[PDB]
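Dumped data30.cif below, it's mmCIF, C-alpha atoms:
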```cif
data_start
loop_
_atom_site.label_atom_id
_atom_site.label_comp_id
_atom_site.auth_asym_id
_atom_site.auth_seq_id
_atom_site.Cartn_x
_atom_site.Cartn_y
_atom_site.Cartn_z
CA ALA A 3 15.58 -24.10 2.02
CA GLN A 4 16.40 -23.48 5.69
CA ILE A 5 15.50 -20.96 8.36
CA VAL A 6 18.72 -19.26 9.37
CA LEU A 7 19.24 -17.83 12.86
CA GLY A 8 22.42 -16.29 14.18
CA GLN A 9 24.04 -15.97 17.57
CA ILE A 10 26.80 -13.42 17.97
CA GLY A 11 28.26 -13.96 21.41
CA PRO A 12 31.32 -13.54 23.62
CA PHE A 13 32.51 -17.12 23.06
CA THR A 14 36.09 -16.28 23.97
CA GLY A 15 37.01 -14.15 26.97
CA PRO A 16 35.63 -13.71 30.49
CA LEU A 17 32.05 -14.60 29.52
CA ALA A 18 32.96 -17.76 27.59
CA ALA A 19 31.05 -20.12 29.92
CA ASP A 20 27.89 -18.03 29.94
CA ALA A 21 27.91 -17.55 26.17
CA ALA A 22 28.28 -21.33 25.88
CA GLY A 23 25.23 -21.67 28.14
CA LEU A 24 23.06 -19.41 25.98
CA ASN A 25 24.30 -21.33 22.95
CA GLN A 26 23.44 -24.70 24.53
CA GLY A 27 19.89 -23.58 25.26
CA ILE A 28 19.42 -22.23 21.76
CA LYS A 29 20.67 -25.47 20.19
CA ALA A 30 18.52 -27.51 22.54
CA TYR A 31 15.41 -25.70 21.32
CA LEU A 32 16.40 -25.87 17.64
CA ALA A 33 16.97 -29.62 17.86
CA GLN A 34 13.58 -30.04 19.55
CA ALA A 35 12.01 -27.80 16.90
CA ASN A 36 13.61 -29.79 14.07
CA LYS A 37 12.55 -33.13 15.56
CA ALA A 38 9.02 -31.69 15.41
CA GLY A 39 9.44 -30.99 11.69
CA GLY A 40 10.92 -27.49 11.77
CA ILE A 41 8.66 -24.68 10.62
CA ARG A 42 6.47 -24.44 7.49
CA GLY A 43 8.39 -27.25 5.80
CA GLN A 44 11.83 -25.88 6.76
CA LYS A 45 14.62 -26.93 9.13
CA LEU A 46 16.07 -24.37 11.56
CA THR A 47 19.83 -23.78 11.47
CA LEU A 48 22.10 -21.74 13.69
CA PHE A 49 25.36 -20.09 12.84
CA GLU A 50 27.61 -18.59 15.48
CA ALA A 51 30.14 -15.81 15.56
CA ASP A 52 32.51 -14.76 18.35
CA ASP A 53 32.54 -11.05 19.31
CA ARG A 54 35.24 -11.72 21.92
CA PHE A 55 33.44 -9.65 24.58
CA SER A 56 34.10 -6.35 22.78
CA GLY A 57 32.16 -3.72 20.87
CA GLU A 58 34.80 -3.91 18.14
CA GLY A 59 34.28 -7.64 17.82
CA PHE A 60 30.53 -7.18 17.56
CA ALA A 61 30.88 -4.45 14.92
CA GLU A 62 33.13 -6.79 12.93
CA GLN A 63 30.80 -9.80 13.14
CA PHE A 64 27.49 -8.07 12.47
CA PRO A 65 27.80 -7.57 8.70
CA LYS A 66 29.31 -11.05 8.31
CA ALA A 67 26.27 -12.40 10.15
CA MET A 68 23.90 -10.33 8.02
CA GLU A 69 25.43 -11.82 4.84
CA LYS A 70 23.91 -15.18 5.88
CA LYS A 71 20.42 -13.60 5.71
CA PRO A 72 19.34 -14.63 9.24
CA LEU A 73 15.71 -13.99 10.25
CA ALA A 74 16.88 -13.23 13.76
CA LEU A 75 19.94 -12.77 15.91
CA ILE A 76 19.33 -14.54 19.20
CA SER A 77 20.27 -13.08 22.59
CA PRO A 78 23.46 -11.08 22.03
CA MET A 79 25.42 -10.86 25.27
CA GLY A 80 27.75 -8.12 26.47
CA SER A 81 27.29 -4.47 27.43
CA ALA A 82 29.91 -3.15 25.01
CA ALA A 83 28.54 -5.24 22.16
CA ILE A 84 24.90 -4.14 22.53
CA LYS A 85 25.93 -0.52 23.10
CA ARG A 86 27.95 -0.64 19.88
CA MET A 87 24.99 -2.17 18.03
CA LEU A 88 22.83 0.74 19.16
CA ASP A 89 25.42 3.54 18.79
CA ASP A 90 26.42 2.49 15.27
CA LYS A 91 22.70 2.27 14.38
CA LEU A 92 23.39 -1.13 12.81
CA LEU A 93 19.71 -2.12 13.02
CA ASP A 94 18.29 0.91 11.16
CA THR A 95 18.43 -0.65 7.68
CA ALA A 96 19.28 -4.27 8.45
CA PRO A 97 16.44 -6.71 7.64
CA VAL A 98 16.69 -8.61 10.91
CA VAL A 99 15.14 -8.81 14.34
CA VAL A 100 17.19 -9.16 17.51
CA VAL A 101 15.48 -11.37 20.07
CA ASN A 102 16.59 -10.80 23.66
CA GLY A 103 19.67 -9.00 24.93
CA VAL A 104 21.89 -9.58 27.95
CA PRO A 105 22.24 -7.59 30.15
CA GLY A 106 18.83 -5.99 30.50
CA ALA A 107 20.41 -2.64 31.39
CA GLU A 108 17.99 0.28 31.27
CA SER A 109 20.43 2.20 29.03
CA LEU A 110 20.24 -0.56 26.38
CA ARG A 111 16.47 -0.91 26.58
CA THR A 112 15.51 2.77 26.63
CA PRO A 113 15.13 3.94 23.99
CA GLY A 114 16.44 0.63 22.62
CA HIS A 115 15.46 -0.06 19.02
CA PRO A 116 12.19 -1.11 17.40
CA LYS A 117 13.89 -4.20 15.93
CA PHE A 118 15.32 -5.21 19.34
CA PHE A 119 12.91 -7.35 21.42
CA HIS A 120 13.44 -8.33 25.06
CA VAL A 121 12.47 -11.69 26.53
CA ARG A 122 13.89 -11.14 30.03
CA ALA A 123 12.56 -8.51 32.41
CA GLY A 124 14.78 -5.44 32.57
CA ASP A 125 17.39 -4.60 35.22
CA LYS A 126 15.15 -1.71 36.27
CA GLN A 127 12.26 -3.91 37.31
CA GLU A 128 14.64 -6.39 38.93
CA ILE A 129 16.28 -3.58 40.94
CA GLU A 130 12.90 -2.15 41.99
CA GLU A 131 11.96 -5.64 43.19
CA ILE A 132 15.25 -5.98 45.12
CA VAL A 133 14.71 -2.68 46.87
CA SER A 134 11.14 -3.66 47.78
CA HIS A 135 12.43 -6.99 49.10
CA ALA A 136 15.14 -5.28 51.15
CA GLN A 137 12.48 -3.21 52.87
CA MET A 138 10.49 -6.33 53.74
CA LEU A 139 13.67 -7.68 55.36
CA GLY A 140 13.52 -4.62 57.60
CA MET A 141 16.46 -2.86 55.97
CA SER A 142 16.95 0.90 56.20
CA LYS A 143 20.52 1.00 54.85
CA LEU A 144 21.68 -0.56 51.57
CA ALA A 145 25.07 -0.60 49.87
CA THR A 146 25.62 -1.30 46.16
CA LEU A 147 28.87 -2.65 44.71
CA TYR A 148 29.00 -1.97 40.96
CA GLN A 149 31.54 -2.29 38.17
CA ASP A 150 32.79 0.91 36.54
CA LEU A 151 31.16 0.25 33.17
CA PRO A 152 28.40 2.21 31.40
CA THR A 153 25.77 -0.48 32.17
CA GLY A 154 27.00 -0.60 35.77
CA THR A 155 26.60 3.16 36.09
CA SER A 156 23.15 2.73 34.51
CA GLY A 157 22.33 0.15 37.17
CA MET A 158 23.60 2.44 39.92
CA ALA A 159 21.41 5.31 38.71
CA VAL A 160 18.43 2.95 38.65
CA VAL A 161 19.12 1.88 42.25
CA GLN A 162 19.29 5.53 43.34
CA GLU A 163 15.93 6.29 41.72
CA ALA A 164 14.36 3.10 43.12
CA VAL A 165 15.49 3.87 46.67
CA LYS A 166 14.20 7.42 46.59
CA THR A 167 10.75 6.20 45.49
CA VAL A 168 10.16 2.99 47.50
CA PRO A 169 6.75 3.15 49.18
CA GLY A 170 7.84 1.75 52.53
CA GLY A 171 9.87 4.82 53.40
CA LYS A 172 13.43 6.13 53.48
CA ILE A 173 16.38 3.85 52.81
CA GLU A 174 19.90 5.22 53.05
CA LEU A 175 21.89 4.14 50.02
CA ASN A 176 25.66 4.00 49.49
CA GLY A 177 27.15 3.06 46.15
CA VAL A 178 30.71 1.85 45.76
CA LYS A 179 32.26 1.68 42.29
CA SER A 180 35.03 -0.81 41.49
CA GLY A 181 37.29 -1.91 38.68
CA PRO A 182 36.95 -5.57 37.79
CA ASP A 183 40.40 -6.67 39.05
CA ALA A 184 40.92 -8.59 42.31
CA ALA A 185 42.88 -5.76 43.97
CA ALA A 186 40.19 -3.19 43.15
CA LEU A 187 37.45 -5.46 44.46
CA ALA A 188 39.25 -6.16 47.75
CA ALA A 189 39.51 -2.43 48.36
CA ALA A 190 35.87 -1.89 47.41
CA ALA A 191 34.82 -4.69 49.76
CA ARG A 192 36.78 -3.14 52.64
CA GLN A 193 34.93 0.14 52.03
CA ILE A 194 31.57 -1.63 52.02
CA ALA A 195 32.48 -3.50 55.20
CA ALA A 196 32.94 -0.15 56.94
CA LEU A 197 29.44 1.15 56.10
CA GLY A 198 27.18 -0.76 58.49
CA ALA A 199 24.80 -1.57 55.65
CA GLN A 200 22.20 -4.28 56.27
CA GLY A 201 22.36 -5.67 52.74
CA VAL A 202 24.52 -5.31 49.63
CA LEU A 203 23.53 -5.29 45.95
CA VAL A 204 26.18 -6.41 43.47
CA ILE A 205 25.78 -5.09 39.90
CA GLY A 206 27.93 -5.99 36.92
CA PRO A 207 28.81 -8.62 34.32
CA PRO A 208 28.70 -12.24 35.54
CA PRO A 209 32.39 -12.64 36.45
CA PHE A 210 32.24 -9.37 38.43
CA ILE A 211 29.25 -10.63 40.40
CA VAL A 212 31.05 -13.83 41.38
CA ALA A 213 34.30 -12.03 42.19
CA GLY A 214 32.40 -9.34 44.09
CA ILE A 215 30.58 -11.86 46.24
CA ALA A 216 33.85 -13.60 47.08
CA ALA A 217 35.52 -10.29 47.93
CA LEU A 218 32.63 -9.24 50.16
CA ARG A 219 32.62 -12.58 52.05
CA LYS A 220 36.41 -12.34 52.48
CA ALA A 221 35.95 -8.83 53.91
CA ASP A 222 33.59 -10.40 56.49
CA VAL A 223 30.48 -8.91 54.95
CA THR A 224 28.10 -11.58 56.26
CA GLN A 225 24.97 -9.55 55.43
CA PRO A 226 22.50 -10.68 52.72
CA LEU A 227 23.83 -10.01 49.23
CA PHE A 228 21.50 -9.48 46.28
CA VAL A 229 22.29 -10.01 42.62
CA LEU A 230 20.41 -9.73 39.35
CA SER A 231 19.72 -12.41 36.73
CA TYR A 232 23.37 -13.02 35.75
CA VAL A 233 24.79 -15.85 37.85
CA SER A 234 23.74 -19.37 38.89
CA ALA A 235 23.78 -20.53 42.51
CA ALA A 236 26.18 -23.23 41.36
CA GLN A 237 28.76 -20.65 40.22
CA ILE A 238 28.56 -18.93 43.59
CA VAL A 239 28.95 -22.18 45.58
CA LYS A 240 31.90 -23.22 43.40
CA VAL A 241 33.81 -20.18 44.66
CA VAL A 242 32.67 -19.42 48.23
CA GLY A 243 31.05 -22.72 49.21
CA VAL A 244 27.62 -23.27 50.71
CA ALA A 245 28.88 -21.25 53.69
CA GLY A 246 29.46 -18.12 51.61
CA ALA A 247 26.58 -18.63 49.21
CA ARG A 248 23.77 -18.97 51.74
CA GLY A 249 21.78 -15.78 52.09
CA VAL A 250 22.50 -14.57 48.56
CA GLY A 251 19.31 -13.53 46.81
CA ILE A 252 19.19 -13.91 43.03
CA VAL A 253 16.50 -12.06 41.08
CA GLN A 254 15.29 -14.45 38.38
CA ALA A 255 13.83 -13.37 35.05
CA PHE A 256 12.66 -16.89 34.25
CA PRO A 257 11.24 -19.91 36.12
CA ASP A 258 13.90 -22.00 37.81
CA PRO A 259 15.79 -24.11 35.22
CA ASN A 260 15.96 -27.06 37.61
CA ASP A 261 12.39 -27.17 38.96
CA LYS A 262 9.56 -29.09 37.29
CA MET A 263 6.47 -27.04 38.17
CA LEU A 264 5.62 -25.58 34.73
CA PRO A 265 5.25 -27.26 31.32
CA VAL A 266 7.99 -24.99 29.95
CA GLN A 267 10.43 -26.20 32.64
CA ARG A 268 9.81 -29.81 31.66
CA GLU A 269 10.05 -29.08 27.92
CA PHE A 270 13.32 -27.22 28.45
CA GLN A 271 14.68 -30.09 30.54
CA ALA A 272 13.58 -32.61 27.91
CA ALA A 273 15.34 -30.57 25.22
CA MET A 274 18.52 -30.44 27.31
CA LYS A 275 18.58 -34.22 27.98
CA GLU A 276 18.28 -34.91 24.27
CA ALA A 277 20.94 -32.43 23.15
CA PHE A 278 23.34 -32.59 26.11
CA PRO A 279 22.74 -35.88 27.98
CA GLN A 280 25.90 -35.63 30.12
CA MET A 281 24.55 -32.54 31.83
CA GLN A 282 23.26 -33.17 35.34
CA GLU A 283 22.15 -29.66 36.28
CA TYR A 284 21.02 -26.60 34.28
CA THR A 285 21.60 -22.83 34.42
CA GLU A 286 19.52 -19.70 33.88
CA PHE A 287 21.54 -18.87 30.76
CA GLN A 288 20.67 -22.21 29.17
CA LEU A 289 17.00 -21.52 29.89
CA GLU A 290 17.32 -17.97 28.56
CA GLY A 291 18.81 -19.24 25.32
CA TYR A 292 16.09 -21.86 25.01
CA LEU A 293 13.28 -19.33 25.59
CA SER A 294 14.83 -16.73 23.30
CA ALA A 295 15.00 -19.26 20.47
CA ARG A 296 11.58 -20.68 21.29
CA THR A 297 10.05 -17.18 21.08
CA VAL A 298 11.20 -17.02 17.48
CA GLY A 299 9.84 -20.52 16.87
CA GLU A 300 6.45 -19.78 18.40
CA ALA A 301 6.12 -16.55 16.41
CA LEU A 302 6.99 -18.29 13.14
CA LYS A 303 4.43 -21.07 13.83
CA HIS A 304 1.73 -18.66 14.95
CA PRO A 305 -1.52 -18.80 12.92
CA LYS A 306 -1.15 -15.08 12.14
CA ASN A 307 2.29 -15.47 10.58
CA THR A 308 2.30 -15.66 6.80
CA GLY A 309 5.95 -16.19 5.88
CA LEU A 310 9.60 -16.78 6.71
CA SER A 311 11.24 -13.36 6.42
CA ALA A 312 12.55 -10.99 9.09
CA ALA A 313 9.64 -8.69 8.19
CA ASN A 314 7.14 -11.53 8.81
CA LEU A 315 8.77 -12.32 12.14
CA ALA A 316 8.76 -8.69 13.32
CA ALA A 317 5.17 -8.21 12.15
CA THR A 318 4.11 -11.31 14.07
CA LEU A 319 6.00 -10.61 17.33
CA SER A 320 4.32 -7.19 17.53
CA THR A 321 0.78 -8.27 16.63
CA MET A 322 0.27 -11.81 18.00
CA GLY A 323 -0.69 -10.47 21.42
CA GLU A 324 -0.01 -12.46 24.57
CA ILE A 325 1.43 -15.91 24.07
CA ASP A 326 1.79 -18.59 26.71
CA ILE A 327 4.99 -20.62 26.32
CA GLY A 328 4.35 -23.53 28.69
CA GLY A 329 3.48 -21.17 31.52
CA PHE A 330 5.92 -18.40 30.64
CA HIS A 331 4.00 -15.49 29.14
CA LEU A 332 5.26 -12.93 26.65
CA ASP A 333 3.49 -9.96 25.10
CA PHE A 334 4.99 -7.40 22.72
CA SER A 335 1.64 -5.64 22.05
CA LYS A 336 2.53 -2.57 24.11
CA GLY A 337 6.22 -2.37 23.28
CA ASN A 338 9.37 -4.40 22.80
CA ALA A 339 9.76 -5.54 26.41
CA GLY A 340 7.81 -8.78 26.45
CA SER A 341 8.12 -9.91 30.06
CA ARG A 342 7.46 -8.48 33.53
CA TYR A 343 8.27 -11.78 35.27
CA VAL A 344 10.60 -11.24 38.23
CA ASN A 345 11.07 -13.74 41.06
CA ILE A 346 13.62 -13.53 43.85
CA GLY A 347 15.27 -16.76 44.91
CA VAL A 348 17.43 -17.03 48.01
CA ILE A 349 20.21 -19.57 48.45
CA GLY A 350 19.35 -21.57 51.56
CA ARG A 351 21.63 -23.13 54.15
CA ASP A 352 21.47 -26.30 52.06
CA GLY A 353 22.87 -24.54 48.99
CA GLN A 354 19.53 -24.76 47.13
CA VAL A 355 17.52 -21.81 45.79
CA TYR A 356 14.15 -21.18 47.45
CA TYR A 357 11.35 -18.93 46.17
#
```
Could the structure of this file be written out as structure tokens, please?
Amino acid sequence: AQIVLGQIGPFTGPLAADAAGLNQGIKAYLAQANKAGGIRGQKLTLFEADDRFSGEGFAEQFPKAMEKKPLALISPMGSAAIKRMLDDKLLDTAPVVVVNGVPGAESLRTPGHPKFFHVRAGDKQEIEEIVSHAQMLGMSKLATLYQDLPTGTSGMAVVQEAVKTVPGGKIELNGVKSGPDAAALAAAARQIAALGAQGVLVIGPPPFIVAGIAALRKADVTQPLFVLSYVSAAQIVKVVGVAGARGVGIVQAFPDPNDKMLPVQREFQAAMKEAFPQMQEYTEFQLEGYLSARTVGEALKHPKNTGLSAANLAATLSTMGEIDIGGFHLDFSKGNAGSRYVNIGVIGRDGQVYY
């Protein structure tokens, strides 16, 4: 017998590279887990299904995935997909747990679903942290560039609430909505350039963040730009160079995938060398996939756990209390959001992220 896990992800379309990154991290953990004898006498296996970055694609793949009797679906990715999962109430009678979701939009997390567990900190806490940070940089005027998508609008509403309740005092906030196309972004960037803002938040799916940064730099917005946990510094440098990337702050939901400070960083890196030896550098999505899968592994191996069903897994996640995964802590005792870790990195003049 085997322990089946599933990943439904946007493997084709504009998030293909990031979905591949999550998948790499998940496989890296599973291989490490299997080398260590799997769990309770059983090997871990992963099946994959492509939702094509659409709600329709997710709706189509979900029952096909459920036919394989997975214990867990690991880190679905895509606003439309997760929204469809919640709107269609797919989880209400499905014997499965969903571990992690990207993005951590407040609208997907609240109310969320009792079978839907979150490993990354939410967009709301990341945005509150960004607004606090902006104040410590002496900023009194902030602009936000956001994609015209439900989760983007959710982000924008969160920014508005964060700014009106930051304890340092009044910040003037302007929010500029944009379509995802190059022409729309150039126009949005020109508007932002005219505002005299001291910093700019960019909110949206990963390709929108990269495109938005490039558009802002091209519009001569040289001010600090801030982004949430959805892009790597490498992706930013690829497009705008070290010149354009320096000064971008990235809010991280996990320890840096390329630093070696914590046991979990070293274990992740060891798992990646084994599974993908050609890889010279890692991303946050690889680490997210690794930690999402490892959360399932640690719950199933936990002394409290008594079996290998979805019900066992859910029972254990909610009752095991705080666990320490090599320095990264998770606790689902108080609710389904397991992490409050948020750490802002800034891309330095040398192209490296500093914390």
Taking a cut-off of 8 Å and counting only C-alpha atoms, can you build a table that, for each residue of region 253-356 of chain A near region 102-120 of chain A, reports the nearest atom pair and how far apart they are in Å (one decimal), sorted by chain then residue number, as a tab-separated table?
```
residue	atom	partner	partner_atom	distance
A:294	CA	A:102	CA	6.2
A:316	CA	A:117	CA	7.3
A:338	CA	A:119	CA	4.8
A:339	CA	A:120	CA	4.8
A:340	CA	A:120	CA	5.8
A:341	CA	A:120	CA	7.5
```
Coordinates-based distance that separates CA of residue 6 (chain A) from CA of residue 67 (chain A) (Å, one decimal):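 Going from CA of residue 67 (chain A) over to CA of residue 6 (chain A), I get 10.2 Å.
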Distance in Å - CA of residue 286 (chain A) versus CA of residue 350 (chain A):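 The value is 17.8 Å.
If you count only C-alpha atoms and ignore residues fewer than 2 places along the chain from residue 50 (chain A), what sits within 8 Å of it is residues 8, 9, 10, 11, 48 and 52 of chain A.
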Chain and number of each residue from the PyMOL selection byres ((chain A and resi 203) around 8), as a PyMOL selection string: chain A and resi 144-147+201-202+204-205+227-229
Neighbour list for region 306-311 of chain A as a VMD selection string, cut-off 8 Å, only C-alpha atoms, skip fewer than 4 positions in-chain: chain A and resid 5 73 301 to 302 315 317 to 318 322
Selection near residue 190 (chain A), 9 Å with all atoms listed in the file, sequence-local residues under 4 positions removed, as a VMD selection string: chain A and resid 147 178 to 181 185 to 186 194 to 195 214 217 to 218
Keeping only C-alpha atoms, write the selected residues to a file as an mmCIF file, keeping the file's coordinate frame.
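In the end it all went to selection-v7.cif:
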```cif
data_model
loop_
_atom_site.group_PDB
_atom_site.id
_atom_site.type_symbol
_atom_site.label_atom_id
_atom_site.label_comp_id
_atom_site.auth_asym_id
_atom_site.auth_seq_id
_atom_site.Cartn_x
_atom_site.Cartn_y
_atom_site.Cartn_z
ATOM 1 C CA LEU A 147 28.870 -2.650 44.710
ATOM 2 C CA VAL A 178 30.710 1.850 45.760
ATOM 3 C CA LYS A 179 32.260 1.680 42.290
ATOM 4 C CA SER A 180 35.030 -0.810 41.490
ATOM 5 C CA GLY A 181 37.290 -1.910 38.680
ATOM 6 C CA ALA A 185 42.880 -5.760 43.970
ATOM 7 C CA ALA A 186 40.190 -3.190 43.150
ATOM 8 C CA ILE A 194 31.570 -1.630 52.020
ATOM 9 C CA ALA A 195 32.480 -3.500 55.200
ATOM 10 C CA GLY A 214 32.400 -9.340 44.090
ATOM 11 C CA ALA A 217 35.520 -10.290 47.930
ATOM 12 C CA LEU A 218 32.630 -9.240 50.160
#
```
Explicit residues for the PyMOL selection byres ((chain A and resi 355) around 10) (as a PyMOL selection string): chain A and resi 234-236+248-252+258+260+346-354+356-357
Taking the file as shown, find all residues satisfying the PyMOL selection byres ((chain A and resi 208) around 9) and write them as an mmCIF file with C-alpha atoms, keeping the file's coordinate frame.
```
data_model
loop_
_atom_site.group_PDB
_atom_site.id
_atom_site.type_symbol
_atom_site.label_atom_id
_atom_site.label_comp_id
_atom_site.auth_asym_id
_atom_site.auth_seq_id
_atom_site.Cartn_x
_atom_site.Cartn_y
_atom_site.Cartn_z
ATOM 1 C CA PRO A 16 35.630 -13.710 30.490
ATOM 2 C CA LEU A 17 32.050 -14.600 29.520
ATOM 3 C CA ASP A 20 27.890 -18.030 29.940
ATOM 4 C CA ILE A 205 25.780 -5.090 39.900
ATOM 5 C CA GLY A 206 27.930 -5.990 36.920
ATOM 6 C CA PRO A 207 28.810 -8.620 34.320
ATOM 7 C CA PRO A 209 32.390 -12.640 36.450
ATOM 8 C CA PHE A 210 32.240 -9.370 38.430
ATOM 9 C CA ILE A 211 29.250 -10.630 40.400
ATOM 10 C CA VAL A 212 31.050 -13.830 41.380
ATOM 11 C CA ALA A 213 34.300 -12.030 42.190
ATOM 12 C CA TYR A 232 23.370 -13.020 35.750
ATOM 13 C CA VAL A 233 24.790 -15.850 37.850
#
```
Polymer residues at most 8 Å from region 23-35 of chain A, only C-alpha atoms, same-chain spacing of 2 or more positions, as a PyMOL selection string: chain A and resi 9+19-21+37-41+46-48+77+270+273-274+276-278+285+287-296+299
Shell of 10 Å around region 166-169 of chain A, all atoms listed in the file, local chain residues under 5 positions omitted, as JSON, numbers by chain: {"A": [130, 131, 133, 134, 137, 161, 174, 175]}
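Going from CA of residue 148 (chain A) to CA of residue 182 (chain A) covers 9.3 Å.
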Closest of A:305, A:55, A:321, A:153 to residue 334 (chain A) - atom-to-atom distances counting all atoms listed in the file: A:321
Can you report as AutoDock Vina command-line options the centre and edge lengths in Å, to one decimal, of an axis-aligned box around the listed atoms of region 245-254 of chain A padded with 3 Å on each side?
```
--center_x 22.4 --center_y -16.7 --center_z 46.0 --size_x 20.2 --size_y 15.2 --size_z 21.3
```
Expected file for region 130-143 of chain A keeping N, CA, C and O atoms, as an mmCIF file, in the first residue's frame:
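Below is the file that was written, out20.cif:
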```cif
data_model
loop_
_atom_site.group_PDB
_atom_site.id
_atom_site.type_symbol
_atom_site.label_atom_id
_atom_site.label_comp_id
_atom_site.auth_asym_id
_atom_site.auth_seq_id
_atom_site.Cartn_x
_atom_site.Cartn_y
_atom_site.Cartn_z
ATOM 1 N N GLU A 130 0.369 44.241 6.436
ATOM 2 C CA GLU A 130 0.505 45.026 7.664
ATOM 3 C C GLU A 130 1.978 45.280 7.970
ATOM 4 O O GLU A 130 2.362 46.388 8.356
ATOM 5 N N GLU A 131 2.795 44.250 7.784
ATOM 6 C CA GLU A 131 4.242 44.360 7.953
ATOM 7 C C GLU A 131 4.872 45.354 6.968
ATOM 8 O O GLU A 131 5.745 46.136 7.346
ATOM 9 N N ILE A 132 4.439 45.314 5.711
ATOM 10 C CA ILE A 132 4.952 46.253 4.703
ATOM 11 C C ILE A 132 4.626 47.683 5.097
ATOM 12 O O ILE A 132 5.477 48.576 5.008
ATOM 13 N N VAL A 133 3.397 47.910 5.551
ATOM 14 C CA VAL A 133 3.006 49.269 5.890
ATOM 15 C C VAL A 133 3.759 49.773 7.127
ATOM 16 O O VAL A 133 4.142 50.947 7.193
ATOM 17 N N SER A 134 4.003 48.885 8.087
ATOM 18 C CA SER A 134 4.845 49.219 9.238
ATOM 19 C C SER A 134 6.271 49.581 8.788
ATOM 20 O O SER A 134 6.872 50.560 9.258
ATOM 21 N N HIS A 135 6.807 48.782 7.874
ATOM 22 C CA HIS A 135 8.162 48.975 7.371
ATOM 23 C C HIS A 135 8.258 50.308 6.640
ATOM 24 O O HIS A 135 9.222 51.054 6.814
ATOM 25 N N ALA A 136 7.249 50.616 5.828
ATOM 26 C CA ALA A 136 7.235 51.870 5.077
ATOM 27 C C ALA A 136 7.308 53.058 6.024
ATOM 28 O O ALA A 136 8.024 54.030 5.771
ATOM 29 N N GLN A 137 6.584 52.985 7.134
ATOM 30 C CA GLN A 137 6.682 54.050 8.121
ATOM 31 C C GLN A 137 8.068 54.196 8.738
ATOM 32 O O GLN A 137 8.499 55.303 9.034
ATOM 33 N N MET A 138 8.763 53.083 8.946
ATOM 34 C CA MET A 138 10.107 53.145 9.505
ATOM 35 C C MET A 138 11.107 53.669 8.474
ATOM 36 O O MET A 138 12.210 54.083 8.827
ATOM 37 N N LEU A 139 10.720 53.667 7.200
ATOM 38 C CA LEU A 139 11.553 54.287 6.168
ATOM 39 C C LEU A 139 11.233 55.771 6.050
ATOM 40 O O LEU A 139 11.773 56.472 5.191
ATOM 41 N N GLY A 140 10.330 56.245 6.904
ATOM 42 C CA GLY A 140 9.993 57.660 6.937
ATOM 43 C C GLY A 140 8.938 58.055 5.925
ATOM 44 O O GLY A 140 8.767 59.234 5.622
ATOM 45 N N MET A 141 8.216 57.075 5.395
ATOM 46 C CA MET A 141 7.241 57.366 4.350
ATOM 47 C C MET A 141 5.906 57.850 4.905
ATOM 48 O O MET A 141 5.409 57.322 5.902
ATOM 49 N N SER A 142 5.338 58.853 4.240
ATOM 50 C CA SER A 142 4.020 59.370 4.575
ATOM 51 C C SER A 142 3.067 59.243 3.383
ATOM 52 O O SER A 142 1.875 59.508 3.508
ATOM 53 N N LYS A 143 3.589 58.848 2.225
ATOM 54 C CA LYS A 143 2.742 58.622 1.060
ATOM 55 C C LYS A 143 3.121 57.351 0.307
ATOM 56 O O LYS A 143 4.260 57.196 -0.149
#
```
